[PDB]
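S.K.: Dumping the structure here so I can ask a few things about it.
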Amino acid sequence: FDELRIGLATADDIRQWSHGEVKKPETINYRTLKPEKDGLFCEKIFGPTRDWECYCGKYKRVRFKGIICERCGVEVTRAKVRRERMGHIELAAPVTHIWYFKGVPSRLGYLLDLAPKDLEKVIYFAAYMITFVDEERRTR
Amino acid sequence: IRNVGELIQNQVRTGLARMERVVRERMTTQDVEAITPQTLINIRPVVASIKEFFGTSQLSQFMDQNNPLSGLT
Amino acid sequence: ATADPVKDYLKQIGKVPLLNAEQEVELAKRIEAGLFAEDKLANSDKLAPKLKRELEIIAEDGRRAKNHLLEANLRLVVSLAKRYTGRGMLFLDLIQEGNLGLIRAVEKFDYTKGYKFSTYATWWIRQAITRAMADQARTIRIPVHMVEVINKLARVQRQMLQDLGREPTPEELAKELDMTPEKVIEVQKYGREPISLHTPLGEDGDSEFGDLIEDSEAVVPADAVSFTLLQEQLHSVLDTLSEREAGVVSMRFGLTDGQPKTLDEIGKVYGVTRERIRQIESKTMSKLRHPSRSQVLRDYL
Amino acid sequence: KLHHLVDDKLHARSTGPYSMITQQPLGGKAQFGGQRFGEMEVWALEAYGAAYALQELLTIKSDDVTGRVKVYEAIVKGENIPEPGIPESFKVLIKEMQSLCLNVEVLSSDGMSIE
Amino acid sequence: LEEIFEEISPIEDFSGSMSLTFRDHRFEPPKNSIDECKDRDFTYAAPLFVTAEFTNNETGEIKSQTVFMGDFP
Amino acid sequence: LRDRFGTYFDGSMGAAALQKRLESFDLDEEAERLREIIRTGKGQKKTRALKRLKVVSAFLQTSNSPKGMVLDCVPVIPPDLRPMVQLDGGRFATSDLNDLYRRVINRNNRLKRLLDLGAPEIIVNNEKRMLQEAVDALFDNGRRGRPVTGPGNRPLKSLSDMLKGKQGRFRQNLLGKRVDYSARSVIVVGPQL
Ligand SMILES: [Zn+2]
């Protein structure tokens with residue numbers, strides 16, 4: 001513990017943190033009370049609900065730890081891993097972080113010389129932008 | 001001072017307002033000659049409000065029976 | 001671009017031309033014209049370039065008329081989204097799901113039916129909206145047919161309360177549903193919703209519910225330390241026994257490794273026969289059963 | 001005789017339940033809840049200069065899952081207390097601030113740090 | 001109670017053809033005794049009935065029927 | 001504009017336009033011209049240039065690229081930190097992050113569905129707007145207009161909402177924690193001590 005470096009988390013970094021990808025709003029089967037597949041709480045991505053236990057029941061014992069059963073893809077380990085492992089959601093269309101905008105101008109920074117009304121209108125789908133013009137082409 | 005009568009009256013009034021909206025919506029989506037007062041009114045809002053009146057209310061307080069004077073106070 | 005985005009959505013609908021009978025039937029006519037145009041274009045046989053461009057243009061005009069129809073029916077779909085608002089799904093989300101149903105309906109609508117598009121569409125709109133409500137409203141997902149079971153039992157029970165003016169008994173409800181009481185209780189328990197931890201406890205404003213319910217995954221220090229002391233005492237007790245006897249009982253009960261080995265399973269590394277190892281297993285169990293090596297382990301249970 | 005009887009107020013805790021989202025002990029008397037060592041208490045302790053006591057009151061005696069069983073075992077066995085680890089609430093914070101797209105990376109002077 | 005009932009005028013659709021009059025309200029004795037309610041965890045309440053009259057100009061008929069809106073604490 | 005003339009002006013809408021602009025941004029030239037403006041400038045324009053220089057220089061010196069403004073992938077809190085803990089009585093106990101993640105997942109999936117099939121511009125634009133609104137809520141519920149009330153009784157909690165205020169993680173679970181081996185009781189005077 002010498003320095004807690006903090007900065008902007010790029011998309012590649014977020015992908016690096018993720019151990020999978022969430023693809024459903026599923027949380028838990030209403031009957032089995034167990035996590036579903038590839039949704040929130042999924043054991044394949046975050047971790048096993050029970051210590052060293054998988055979902056299918058193959059390889060439940062503590063003996064043969066540190067393996068991934070091909071059936072449900074759960075890596076047998078301590079349940080505490082769920083408190084650490086994190087996933088990520090892919091968005092079809094990009095969005096903009098609420099924090100850096102919609103605030104004081106020391107965080108938005110006027111990085112683009114556009115008034116807050118302009119941004120509020122444009123990133124929320126109320127007005128267009130001319131991203132790029134071939135002005136030399138138009139002039140020739 | 002909104003004595004308890006006026007409080008419960010306001011709550012049942014809100015409930016009957018929801019009942020009025022529900023019966024009007026039902027009227028807009030119901031055919032004539034199959035309509036009776038028994039069927040059209042949904043009693044859910046009034047009961048749900050007079051029951052949620054006691055809950056989540058800063059005015060419906062758990063009575064304190066430490067002694068008769070705590071009760072009166 | 002304003003708070004309450006549904007207002008901006010309604011303005012985004014704006015003013016668009018509502019379609020009277022001849023208008024939408026002609027629109028559908030050139031819709032199917034563009035349909036056959038793109039069908040002909042899709043075929044592999046060679047067509048003249050100008051004819052292909054004409055077919056593409058007709059298909060494009062059909063597309064434009066399609067979006068005209070969708071913007072016209074935006075008002076109907078938002079009305080039908082009103083009709084199912086206030087059931088755990090945000091109003092604009094219901095509007096969007098109904099719009100998905102609308103694009104389905106237009107994809108399955110034509111003038112061959114002697115009826116207005118409004119009558120035909122509403123079925124698909126309600127279908128998409130109710131499917132979305134069933135599959136995305138509740139925190140704990142409920143299958144669609146459980147969803148219809150629970151809503152059926154709920155509405156009929158409401159009718160029972162309305163008629164009899166009193167809470168119906170479970171058996172009467174069970175016979176009315178035609179199922180048995182156990183299914184009634186099952187669906188009744190399955191038809192709940194979670195309560196949020198981040199709610200004021202109400203005992204005090206600062207306190208919240210998520211800070212009053214204890215966990216089970218915590219390792220109780222007393223239990224962990226008692227287990228460690230049991231491990232040490234038991235291992236010492238086996239060390240009291242002979243080396244071979246202690247070893248064989250350990251493998252038979254897996255003190256060294258989480259998987260105990262069967263008697264024959266012990267008779268491979270040690271080089272003893274399954275009945276021989278069995279006989280010493282019986283011998284170990286006896287020896288640890290004498291009162292000498294029993295006082296210590298009785299209390300640990 | 002008022003209703004502030006001692007039997008109601010009297011509470012104590014060696015070790016008992018704990019919270020879930022953050023592993024620190026839970027509050028209240030009905031659940032064997034430890035008293036709160038709030039901000040002003042650590043202000044007073046820092047004023048005294050007693051840093052080791054603050055470290056144990058903040059890591060060993062709560063908010064460290066690896067440390068609690070260790071300290072219980074050390075006391076009952078008589079062995080000296082072990083070195084405190086990193087608390088768990090800070091890990092919760094690190095993950096949470098990593099969920100806002102801030103790459104809060106703990107670093108050492110010589111490259112990556114060991115945790 | 002009768003005031004809040006009378007406040008809700010009979011509902012009129014866009015055609016204004018039909019109307020629901022809540023003329024009279026009434027009570028019945030509660031089913032559970034006060035001591036019973038306290039012991040068995042029942043909200044002390046009694047029924048509250050009201051006579052709803054459906055009247056439609058198109059039908060030119062009046063149909064009266066009593067309805068029950070739920071237990072009243 | 002598009003119909004009368006294309007292939008000359010490239011136009012876009014929404015956060016994707018911001019991503020493109022930041023990708024094509026040349027902040028060094030902005031810093032240079034703003035330095036020139038400060039060298040010869042007057043009025044509040046000078047103050048605006050001062051703030052702009054502050055931020056652009058802060059970004060230029062740092063290695064991390066500005067495109068981090070627009071997040072493409074949303075990280076998810078580990079499940080134990082948002083527990084759907086079983087509760088006695090057949091009931092449940094859930095944290096609001098579950099709700100917000102459910103909403104953003106729903107809206108992303110539905111946007112994907114719309115993009116897969118041929119869909120107009122109006123519906124896809126509105127859907128992207130709802131996606132942006134949902135993500136806004138997850139990171140900061142209540143920073144624009146009404147908050148995402150969820151059940152309706154109260155605004156839903158948010159990622160940053162846990163990280164702020166009297167009840168925030170910082171001032172309640174890192175500076176002042178509860179402690180084991182402690183007790184409390186009424187106090188009386190005993191002089192003989
Ligand atoms: Zn498995």
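Letters for chains follow the order of the structure tokens (A, B, ...), residue numbers begin at 1 for each chain, and ligand numbers begin at 1 in the order shown.
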Going by DSSP on the backbone, which residues of range 29-165 of chain F come out as helix (DSSP H, G or I)? List them as a count of residues only.
M.R.: 80
S.K.: I want to know what sits within 7 Å of range 23-27 of chain D, based on only C-alpha atoms, with residues of the same chain fewer than 3 positions away left out; could you give that as number ranges by chain?
M.R.: C: 211-212; D: 17-20, 33-34, 62-63, 88; F: 177-179
S.K.: With only C-alpha atoms as the counted atoms, please give the residues lying no more than 8 Å from range 36-44 of chain B, apart from itself and same-chain residues fewer than 3 positions off, as a list in words.
M.R.: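 Within the cut-off, the hits are residues 19, 22, 23, 26, 27, 47 and 48 of chain B; 162 of chain C; 20, 52, 53, 54, 63, 64, 65, 66, 67, 68, 69 and 70 of chain E.
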S.K.: Only residues of chain B matter here; which ones have an atom within 12 Å of chain D, counting only C-alpha atoms? Give them as an MDAnalysis selection string.
M.R.: chainID B and resid 65:67
S.K.: Can you list, as a VMD selection string, all residues belonging to range 54-192 of chain F that DSSP tags as strand (DSSP E or B)?
M.R.: chain F and resid 73 to 75 86 92 to 94 177 to 178 182 to 184
